Amino acid sequence: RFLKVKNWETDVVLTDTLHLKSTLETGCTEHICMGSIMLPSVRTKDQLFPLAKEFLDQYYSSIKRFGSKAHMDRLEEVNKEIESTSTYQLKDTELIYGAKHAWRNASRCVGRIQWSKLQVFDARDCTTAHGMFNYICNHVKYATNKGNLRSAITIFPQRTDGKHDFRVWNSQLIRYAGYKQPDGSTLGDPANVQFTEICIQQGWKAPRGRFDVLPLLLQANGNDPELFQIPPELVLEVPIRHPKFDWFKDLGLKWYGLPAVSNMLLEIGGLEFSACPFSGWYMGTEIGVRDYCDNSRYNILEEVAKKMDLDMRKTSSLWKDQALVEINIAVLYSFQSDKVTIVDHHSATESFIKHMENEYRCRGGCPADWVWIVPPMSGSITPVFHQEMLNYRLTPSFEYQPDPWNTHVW
Amino acid sequence: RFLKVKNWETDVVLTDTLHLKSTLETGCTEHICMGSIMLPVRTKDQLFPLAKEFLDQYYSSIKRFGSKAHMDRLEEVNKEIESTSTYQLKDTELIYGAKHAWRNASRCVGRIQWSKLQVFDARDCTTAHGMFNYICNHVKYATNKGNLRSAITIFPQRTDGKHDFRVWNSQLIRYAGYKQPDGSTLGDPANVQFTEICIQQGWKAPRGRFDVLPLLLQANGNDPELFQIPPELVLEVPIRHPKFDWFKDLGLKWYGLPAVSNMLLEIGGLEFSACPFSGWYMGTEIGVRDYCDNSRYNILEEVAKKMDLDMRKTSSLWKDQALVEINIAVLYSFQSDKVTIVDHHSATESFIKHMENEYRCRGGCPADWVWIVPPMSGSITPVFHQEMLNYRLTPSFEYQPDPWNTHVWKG
Ligand code: HEM
Ligand code: HEM
Ligand SMILES: Cc1cc(N)nc(C#CCN2CCC(F)(F)CC2)c1
Ligand SMILES: Cc1cc(N)nc(C#CCN2CCC(F)(F)CC2)c1
Ligand SMILES: C[C@H](O)[C@H](O)[C@H]1CNc2nc(N)[nH]c(=O)c2N1
Ligand SMILES: C[C@H](O)[C@H](O)[C@H]1CNc2nc(N)[nH]c(=O)c2N1
Ligand SMILES: [Zn+2]
């Protein structure tokens, strides 16, 4: 019950005690492992205080003031506030701590070595979608930083009754539209076809290109969501070329610089922040492997291999594998040439191993989801493939939440 | 109770009922997932329910559940257990058991073949020399001059745990590894400890880079004995590249026959501690893991050097580029010498069809995503996008400790 994880490439054995503080459930049982399932499918006054207590206990422990005057005072004060308002408000310090630890606890994120260097934007005073748009534009500009990317989160007001939810309807602040074609195929990003529809059904005028930046669909206080166009001068994009193949240009590929997840829910001390867009910088494989080469996304492997004049008759020629490497060389080359921050999968996974070692040494563990941490190409030549990992749920946390169009009383 | 798994590339959803027949524990709990952990004698007491469960499965599969042959066999096994404390499988039951242990091996991507398995009954074997004869016949049968055939050879079951049959090799055919005084390793670093045991037992080592290890065979709990597999039975493939003529000069070869010999076969509560089984290679086992793991032959550097890639920063993906060329060479060489091999694209696509069929006809297919997804190019194979449920069914193949850690030496 004091579990060991082994690295099978280096024989390093770490001991995990942090999991004993895990709280929520994994979906697994002693009879069945669900480690590869993508999604293992308002607080009452009594639910809320233990959640608040556990959070404040670890916050005051983290500032070397556990069991202090300020500690017990703050617990008393929040306890009174929950008895009164049936909720409470975080101090700025507690909100910053909670957001940084939500990232620290994200067992699916390989980039967590950066977790303590997060810029937190308190948007809890926001009241309208126009205000949300303003807050989001400032986030995008701050985070983009002319290509020297900086991690950031913007936190809108917390859920109250569940009818007054703040939501960003986009899955990412910056994503490309998807359109169904008259014949049968799909133009642009197939992952966003339904959302691209709801933008049109709400009033958007689509350029119907392959890489049209979608508008924002912002929902304040539970009202109907409103469309806004992010100023193009704030959307940094990178044209994709190859350092060897001059014909790579003509494929006409580009991607955006800023990965900014906007559809998740941030839980801190039992409080639920349904609108909390956060952003970092890309690992190259997210774009070159998944966005570009998933059969259900832009699905370009066919195109690139033809231009490389590869033997596409036999799978055993590994023509897909060859094109895949070249595509991912170009993505990294393109961002690096334009001085936009990006990290390759070798550097990122090497950094995550160092981070695991830090977290085991200074925290007693690091929840990690191997299925998500290992990159989708060249898995076993990255160090994380050989690293045993324990997955468990710690709070503060980022969680998935239903898409709001399946929920909103329009 | 029912469970669903979704393929996120095709939106195909399958429903698992077979997990209900699972009883062994996974290592996970409601509060921790140990899905990436590599490793998470019986008495008459517990043995008859294990036998009954297996015999119920067996007679269901032959459409004879509840028949008089079924009931008499249960009676016969019951009496044999209480009077002798163990029991003997019929030939039919052993064949069924071995095939179903393969069918239940959740880490194996090649299970579409599970029903096509040649079972060699070696339960009459008594000495290490007899084990050697049985293993030579298996190697020759399975190799079939390059037209590989799956096979398993089953040696006598455990009795009191003091008379175990064991194959001390982890694979029947594997290359030696030697630690040099300068700290480097010649040959296969995975096999240094076993090589040292063989040398200590009297093996005269050629001390080269691709030396086929001798068999080290333990019969009836006795001290193990060394044997050299006849070299004419060891089919090997010299590795060359279809475009790069310098690749042959790296001096690489590999053997044709993957034959795991260190696992334990459990059938109906009986434990077969010596049960070597063999199929054919998926290309990435050799080209990615054997050649390119840092802890194995580790050829990424010298290949990338001769390819003259930009090796000064990893963001050139020089490692990824050399890795693909190595794996093209492995597949090219095997096909050119007409030795059976399967690339990871073909193998994972067959597995998905297998898995869907198993959900249809059997109600499930336990599968370990961590092991099923190939170690290169993961998400461009279909298993990456496939949700899987992992659970333990019997009959099964299990890990067991290395015999040198447990053996009491006779001297
Ligand atoms: C700064 C550089 C960062 C890098 C290089 C990085 C890398 C990654 C990658 C590659 C993934 C997998 C994405 C996918 O496969 O869909 C991921 C997931 C995730 N990241 Fe990070 N990330 C970074 C910053 C952040 C930040 C700032 C946060 C929050 C404050 C965060 C929270 C998460 C979460 C919650 C997930 C899981 C997403 C999901 O379940 O869909 N990341 N990250
Ligand atoms: C017929 C062609 C076969 C192919 C292409 C195949 C493929 C594979 C591969 C690629 C692995 C992963 C091995 C590793 O990464 O170390 C594996 C594991 C495994 N295979 Fe198959 N296999 C085949 C036949 C068989 C047979 C005949 C048996 C038993 C009768 C079997 C039982 C297993 C087991 C038990 C494992 C798990 C090994 C472990 O846990 O270390 N396989 N197989
Ligand atoms: C902050 C951050 C940094 C980074 N490098 N990657 C990511 C991601 C992602 C993938 N995202 C795609 C859209 C979604 F499915 F809705 C959520 C998951 C996030
Ligand atoms: C029958 C078969 C076919 C195939 N293609 N691969 C395998 C394998 C393996 C895994 N192997 C790794 C090294 C070992 F631990 F010593 C034995 C287990 C087995
Ligand atoms: C079914 C499987 O869980 C699914 O394809 C997962 C696998 N691993 C992943 N890993 C990352 N980083 N991102 C993903 O979307 C997925 N998808
Ligand atoms: C720690 C981790 O489970 C370990 O490296 C696993 C990963 N998946 C694997 N998958 C296969 N097929 N073979 C392996 O040896 C491993 N090793
Ligand atoms: Zn699990």
# chains A, B, ... in the order shown; residues from 1 in each chain; ligands from 1

$ residues_around --residues "range 73-86 of chain B" --least-positions-apart "4" --cutoff "8 Å" --atoms "only C-alpha atoms" --output "short mmCIF file (atom, residue, chain, number, x, y, z; two decimals) with N, CA and C atoms, in the first residue's frame"
data_model
loop_
_atom_site.label_atom_id
_atom_site.label_comp_id
_atom_site.auth_asym_id
_atom_site.auth_seq_id
_atom_site.Cartn_x
_atom_site.Cartn_y
_atom_site.Cartn_z
N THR B 43 -3.42 -27.03 -2.96
CA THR B 43 -3.93 -28.16 -2.20
C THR B 43 -5.25 -28.64 -2.81
N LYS B 44 -5.58 -29.90 -2.50
CA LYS B 44 -6.85 -30.49 -2.91
C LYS B 44 -8.03 -29.57 -2.59
N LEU B 47 -8.54 -27.01 -5.51
CA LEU B 47 -8.30 -27.50 -6.87
C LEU B 47 -9.58 -27.98 -7.56
N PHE B 48 -10.51 -28.63 -6.86
CA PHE B 48 -11.65 -29.13 -7.61
C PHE B 48 -12.55 -28.04 -8.20
N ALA B 51 -10.98 -27.14 -11.36
CA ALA B 51 -11.19 -28.18 -12.37
C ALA B 51 -12.61 -28.11 -12.91
N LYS B 52 -13.60 -28.03 -12.01
CA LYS B 52 -15.00 -28.03 -12.42
C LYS B 52 -15.28 -26.87 -13.36
N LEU B 55 -13.76 -27.71 -16.70
CA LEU B 55 -14.48 -28.77 -17.40
C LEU B 55 -15.87 -28.30 -17.84
N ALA B 69 -21.27 -37.76 -20.55
CA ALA B 69 -19.82 -37.69 -20.63
C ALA B 69 -19.28 -36.58 -19.74
N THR B 159 3.91 -30.78 -9.35
CA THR B 159 3.30 -31.71 -8.41
C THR B 159 3.40 -31.12 -7.02
N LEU B 270 -4.31 -26.82 -12.84
CA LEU B 270 -3.00 -27.43 -13.02
C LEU B 270 -2.00 -26.40 -13.55
#

$ interface_residues --of "chain A" --to "chain B" --cutoff "7 Å" --atoms "only C-alpha atoms" --output "PyMOL selection string"
chain A and resi 9+22+24-37+294+296+315-318+321-322+325+329+332+344+346+370-371+376-381+388-392

$ residues_around --residues "range 333-339 of chain A" --least-positions-apart "4" --cutoff "9 Å" --atoms "only C-alpha atoms" --output "PDB file with N, CA and C atoms, in the first residue's frame"
ATOM      1  N   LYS A 146       3.932  37.368 -28.935  1.00  0.00           N
ATOM      2  CA  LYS A 146       4.631  37.485 -30.211  1.00  0.00           C
ATOM      3  C   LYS A 146       5.398  36.213 -30.563  1.00  0.00           C
ATOM      4  N   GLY A 147       4.976  35.082 -30.004  1.00  0.00           N
ATOM      5  CA  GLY A 147       5.561  33.777 -30.300  1.00  0.00           C
ATOM      6  C   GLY A 147       6.380  33.179 -29.179  1.00  0.00           C
ATOM      7  N   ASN A 148       6.756  33.972 -28.171  1.00  0.00           N
ATOM      8  CA  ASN A 148       7.429  33.465 -26.975  1.00  0.00           C
ATOM      9  C   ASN A 148       6.342  33.110 -25.957  1.00  0.00           C
ATOM     10  N   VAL A 238       1.314  29.595 -38.193  1.00  0.00           N
ATOM     11  CA  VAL A 238       2.606  29.137 -38.677  1.00  0.00           C
ATOM     12  C   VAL A 238       2.382  28.397 -39.991  1.00  0.00           C
ATOM     13  N   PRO A 239       2.876  28.901 -41.116  1.00  0.00           N
ATOM     14  CA  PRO A 239       2.792  28.133 -42.363  1.00  0.00           C
ATOM     15  C   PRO A 239       3.796  26.995 -42.326  1.00  0.00           C
ATOM     16  N   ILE A 240       3.365  25.812 -42.766  1.00  0.00           N
ATOM     17  CA  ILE A 240       4.165  24.599 -42.631  1.00  0.00           C
ATOM     18  C   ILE A 240       4.943  24.351 -43.916  1.00  0.00           C
ATOM     19  N   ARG A 241       6.266  24.357 -43.804  1.00  0.00           N
ATOM     20  CA  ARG A 241       7.158  23.985 -44.888  1.00  0.00           C
ATOM     21  C   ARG A 241       8.162  22.968 -44.366  1.00  0.00           C
ATOM     22  N   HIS A 242       8.849  22.320 -45.290  1.00  0.00           N
ATOM     23  CA  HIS A 242       9.800  21.279 -44.945  1.00  0.00           C
ATOM     24  C   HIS A 242      11.222  21.747 -45.222  1.00  0.00           C
ATOM     25  N   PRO A 243      12.184  21.417 -44.354  1.00  0.00           N
ATOM     26  CA  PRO A 243      13.565  21.871 -44.582  1.00  0.00           C
ATOM     27  C   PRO A 243      14.286  21.160 -45.720  1.00  0.00           C
ATOM     28  N   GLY A 257      -0.485  28.793 -33.318  1.00  0.00           N
ATOM     29  CA  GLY A 257       0.561  28.691 -32.322  1.00  0.00           C
ATOM     30  C   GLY A 257       0.092  28.347 -30.924  1.00  0.00           C
ATOM     31  N   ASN A 328       6.239  15.529 -39.290  1.00  0.00           N
ATOM     32  CA  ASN A 328       6.559  16.052 -37.971  1.00  0.00           C
ATOM     33  C   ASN A 328       7.894  16.780 -37.928  1.00  0.00           C
ATOM     34  N   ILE A 329       8.826  16.457 -38.831  1.00  0.00           N
ATOM     35  CA  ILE A 329      10.011  17.294 -38.981  1.00  0.00           C
ATOM     36  C   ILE A 329       9.610  18.689 -39.444  1.00  0.00           C
TER      37      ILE A 329
ATOM     38  N   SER B 315      15.156  17.693 -32.108  1.00  0.00           N
ATOM     39  CA  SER B 315      14.050  18.223 -32.894  1.00  0.00           C
ATOM     40  C   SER B 315      14.229  17.993 -34.393  1.00  0.00           C
ATOM     41  N   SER B 316      15.396  17.507 -34.838  1.00  0.00           N
ATOM     42  CA  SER B 316      15.527  17.019 -36.210  1.00  0.00           C
ATOM     43  C   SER B 316      14.826  15.688 -36.423  1.00  0.00           C
TER      44      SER B 316
END

$ residues_near_ligand --ligand "ligand 4" --cutoff "6 Å" --atoms "only C-alpha atoms and all ligand atoms" --output "list in words"
residues 170, 171, 258, 259, 260, 277, 278, 279, 280, 281 and 282 of chain B

$ residues_near_ligand --ligand "ligand 3" --cutoff "7 Å" --atoms "only C-alpha atoms and all ligand atoms" --output "ChimeraX atom specification"
/A:171-172,259-261,263,278-283

$ write_last_selection --atoms "N, CA and C atoms" --output "PDB file, in the first residue's frame"
ATOM      1  N   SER A 171     -14.209  24.208 -28.022  1.00  0.00           N
ATOM      2  CA  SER A 171     -13.340  23.271 -27.312  1.00  0.00           C
ATOM      3  C   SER A 171     -11.952  23.846 -27.081  1.00  0.00           C
ATOM      4  N   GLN A 172     -11.476  24.674 -28.008  1.00  0.00           N
ATOM      5  CA  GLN A 172     -10.264  25.460 -27.855  1.00  0.00           C
ATOM      6  C   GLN A 172     -10.578  26.881 -28.311  1.00  0.00           C
ATOM      7  N   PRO A 259      -2.195  26.508 -28.189  1.00  0.00           N
ATOM      8  CA  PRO A 259      -3.192  25.527 -27.745  1.00  0.00           C
ATOM      9  C   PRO A 259      -3.858  26.020 -26.466  1.00  0.00           C
ATOM     10  N   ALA A 260      -5.167  26.219 -26.520  1.00  0.00           N
ATOM     11  CA  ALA A 260      -5.878  26.864 -25.416  1.00  0.00           C
ATOM     12  C   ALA A 260      -7.191  26.123 -25.177  1.00  0.00           C
ATOM     13  N   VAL A 261      -7.183  25.209 -24.205  1.00  0.00           N
ATOM     14  CA  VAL A 261      -8.324  24.337 -23.942  1.00  0.00           C
ATOM     15  C   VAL A 261      -9.391  25.114 -23.190  1.00  0.00           C
ATOM     16  N   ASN A 263     -12.989  23.945 -22.834  1.00  0.00           N
ATOM     17  CA  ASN A 263     -14.239  23.250 -22.554  1.00  0.00           C
ATOM     18  C   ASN A 263     -14.213  22.442 -21.262  1.00  0.00           C
ATOM     19  N   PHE A 278      -7.474  27.597 -20.590  1.00  0.00           N
ATOM     20  CA  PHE A 278      -6.069  27.617 -20.214  1.00  0.00           C
ATOM     21  C   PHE A 278      -5.204  27.255 -21.417  1.00  0.00           C
ATOM     22  N   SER A 279      -3.949  27.701 -21.391  1.00  0.00           N
ATOM     23  CA  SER A 279      -3.140  27.582 -22.595  1.00  0.00           C
ATOM     24  C   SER A 279      -1.683  27.386 -22.216  1.00  0.00           C
ATOM     25  N   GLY A 280      -0.954  26.678 -23.084  1.00  0.00           N
ATOM     26  CA  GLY A 280       0.478  26.488 -22.949  1.00  0.00           C
ATOM     27  C   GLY A 280       1.169  26.679 -24.282  1.00  0.00           C
ATOM     28  N   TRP A 281       1.916  25.667 -24.704  1.00  0.00           N
ATOM     29  CA  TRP A 281       2.472  25.618 -26.042  1.00  0.00           C
ATOM     30  C   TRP A 281       2.458  24.157 -26.486  1.00  0.00           C
ATOM     31  N   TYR A 282       2.541  23.964 -27.799  1.00  0.00           N
ATOM     32  CA  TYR A 282       2.335  22.656 -28.413  1.00  0.00           C
ATOM     33  C   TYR A 282       3.542  21.735 -28.265  1.00  0.00           C
ATOM     34  N   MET A 283       3.255  20.449 -28.119  1.00  0.00           N
ATOM     35  CA  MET A 283       4.215  19.409 -28.469  1.00  0.00           C
ATOM     36  C   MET A 283       3.980  19.062 -29.931  1.00  0.00           C
TER      37      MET A 283
END

$ residues_around --residues "residue 366 in chain A" --least-positions-apart "3" --cutoff "9 Å" --atoms "only C-alpha atoms" --output "number ranges by chain"
A: 16, 18-19, 104-105, 107, 355-360, 363, 389-392
